[PDB]
Each structure stands twice: as C-alpha cells, then as structure tokens.
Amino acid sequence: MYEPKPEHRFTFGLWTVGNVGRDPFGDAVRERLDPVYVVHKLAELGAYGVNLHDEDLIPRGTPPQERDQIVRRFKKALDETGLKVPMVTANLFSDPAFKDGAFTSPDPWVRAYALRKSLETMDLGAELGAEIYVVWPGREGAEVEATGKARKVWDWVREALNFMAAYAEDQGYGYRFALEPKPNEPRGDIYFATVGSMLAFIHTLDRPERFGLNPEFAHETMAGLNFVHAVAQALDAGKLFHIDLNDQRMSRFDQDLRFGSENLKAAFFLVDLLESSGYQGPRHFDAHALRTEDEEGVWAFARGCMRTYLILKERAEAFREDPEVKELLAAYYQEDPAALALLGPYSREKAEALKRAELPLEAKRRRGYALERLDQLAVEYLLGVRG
C-alpha cells in the first residue's frame, strides 16, 4: 500500500535522476539522459512533476530558434504524460562568470548577467506552467573577508529580488519565490546560510508576500542544525513555499542521499510535521543515486524516496493515535487555568498579580516529564514493534 499517487505531489528535478555521477575526484559513471526520456520514466514511476534549471533543458549559447524547438518537444512530453513542472530556477553557479558570486559579484556586468539569466528562466517557466521559482545562492559567499563585501551583499541581493518580483508583476506571472539557504559549498561560507537568515531577509523586500522558503534537509544538517525546528519556524511564519527532501550525515560535503536513508527518526518527525500542518506544496527529492549505481539503481533510488515517505506518513498517523501516546501527551501538556490567568496580553493588574502569586515551585522542580518513555515509544513505532 505504498504506491505513489499524484495527490502526493512528489517531484524530481531533471538534475536529480539525471545526475551522471561525476564528483570532484571522479569521472562520470553514468550516461547523460534525454529530458523527454526522464519525463516518461518519472511519469511511469508515479511522480507528480519534474523541475528544472534553465541549463537542464537548454544549454548555454543555444540559438533562440533551437531553444523553442526544445521547449515544444519538452511540452509535448508533458502533455502526453500529464506531468507538471511546478518549479524552475536559473542556474547561477556553473558559468565561470559567476566565480565570485552571481547577485553578489562585485562586477555590475555580472550582476546584470545574473539578473538577465533569471528573467529568462522566469519566461521559460511561464511557458511550462511553473508556479514556484527557487533561488539557490550557491555562489553568493566568500572565503576572503578582506574585501569587506559582507557589508554590501544585502543591498545587492535585495535589488535583484525586488527587480525579479516587479518583473513578474508586470508580466502577469503568478510566481511565488522560494529562497533556498545553504551554509557552505561551493563557497567556503554562503552568506545566506540558514532558514532564519532567509526569513529575516524576506522581511526587508518590497513585496515580502511573494517570497517564502525552500528548506533542504541536507543543507541544515550539513551545519549540524535541526531541520525539524527550522521547518517549524518556516511554517509558523507561513513561508514554507517548497521543500527539498533528502538525507545527509552532519558536518561534511552535501551528500544528497535518498530520503530517510540515514536519519530515520528525523525523517519520521519531518513527515509528521508536513502532513499534520496541511502543507500543500511539492515534496521535492533534491537528491541523486549513489555513484556506485547504474541506471537501474537510479530508478531504485527514485522509487525508494517516495516509498519511504509513504511508509513514514502511515506510521506517523498510527503513532499519533496510540492510546498510551495520547495519555502521555495529555499529561505533558496539562494546563492549570489558574496559571493561564497570569499569562496572555499585558495588563499591569496581571503584572501585579503575577509578581505576588503563590507559584507551586517545589512541585515543578520535581516534575518528571516522562519524555524517555515517550521517546522509546516513538522508536518502537519506527521499528514497527508497536501497532
């Protein structure tokens, strides 16, 4: 009963299953796949949509007559299969021009190029029916602070993003922009390192309401931060516009592992959080197969992402309805009305009452929260030892 359905909204980028297995110390181990071919494969596999960079579909320097031929051949396949393209993004990292930043390059010709490349990807996405536009600032960072550029980048990236959002307004595009933070790699440090950094940033834009987040499991986990907490903050802010799902061992290079493969328990509580929050956006698997795999292994990878998500979704439902879990949580969240009356909106009469209330301090200093028992129960559900 773990078969992917379109209402699950699983998506894959062309670059994900299409990854040829090249790394900084190794040749490609797989053959480049045709975009129309991976659209048919994903459809066969049960995916809802495919995402793309501009350069995933249209190589740099393609004459704008060959470009339109590529786009129409690609749209035919989407028509045939019923796959959606929910999300696009410009590649602002491969081109050598972007060696010291795209939006944060000190050279205004390069910031102009980055902006242009972005407008063009917006136009492409509009053709394909994309509704989300992701910005990953892979190149926006530093390893040499002596420049003093950290003081300049906030205004530069504000300027780009305001221009992009006004352009969409002007064109009648219905894009929501989803910003994707990452702490490092390829840059020594990337300026917009965390979900919080991007959240803070959005509040400074002209049209904040068009902007939200694309958190990736692996990005937060690289820095050893807690992804569930970061996503809960994004949700609390009403800014979870997209989410990238994969796995990652902490404190190293981005591994882009199959979802749920390393950090089961964290995966478990992420799915629980998304599902019980009424998140309605794509579940994107921004990951790729292990370099030890041939093409059959690529489709095993893809199947396993979705399958693991669905096993965890079901398990999370069963966990939440366990009677002992409900009993532990009800005691956990026990709320005295007498206590509640001292809290809430400021009074002065509350401030005065609070300062002279008889607080049951000794009882609270001795309270055990029974979290060791609750955690063991969660582990036993995960292990399938409990029903």
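Residue indices: 1-based, along the sequence shown.
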* Once you work out the mean C-alpha B-factor for both 284-292 and 70-78 from the entry, which is higher? -> 70-78
* To do: Averaging the C-alpha B factors as listed in the entry, name the stretch that ends up higher: 105-113 or 191-199.
  => 105-113
* Structure fact -> Looking only at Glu185, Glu127, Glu216, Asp95, the Cα with the top B-factor belongs to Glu127
* Structure fact -> Per the deposited B-factor column, the C-alpha that peaks among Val29, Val39, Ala353, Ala331 belongs to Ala353
* Looking at the entry's B-factor column for C-alpha atoms only, identify whether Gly148 ranks in the lowest, middle or highest third of its chain. => middle
* Against its chain's modelled residues, does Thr121's Cα B factor rank lowest, middle or highest third? -> lowest
* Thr11, C-alpha B-factor rank within chain (lowest, middle or highest third) -> lowest
* In terms of the chain's CA B-factor thirds, is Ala168 lowest, middle or highest? -> highest
* **Chain-relative CA temperature factor third for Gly46** => middle
